[PDB]
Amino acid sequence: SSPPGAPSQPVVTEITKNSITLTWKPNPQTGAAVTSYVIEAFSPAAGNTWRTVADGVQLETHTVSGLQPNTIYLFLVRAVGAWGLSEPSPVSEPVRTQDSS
């Protein structure tokens, strides 16, 4: 009757000027059957809300594209079980997308 546990802190792998790759691990104490993951992004230039950039993700890796050049982003991941969504993962370390020429 409980949602899954919160995943681990996502890690940033591939950094371009328009996309970013995320890597996270599920919780050692997940507690409930996970069905998918939900990825949320954050940009101080955009606002004070977390945009949901990906849902239904089945692997523990995803490439968030369609981003903006030379902009700071942060990310977090939610697990999804039969009884709802988990607490957010620890927010990823801030990274800045590359610049053009």
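Residue numbers run from 1 along the displayed sequence.
The mean C-alpha temperature factor is higher for 14-22 when 81-89 and 14-22 are set side by side.
In this entry, 62-70 has the higher mean Cα B-factor, the comparison being between 28-36 and 62-70.
For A41, the recorded CA temperature factor ranks within the lowest third of the chain's modelled residues. In the deposited entry, the Cα temperature factor of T49 places it in the middle third of its chain's modelled residues.
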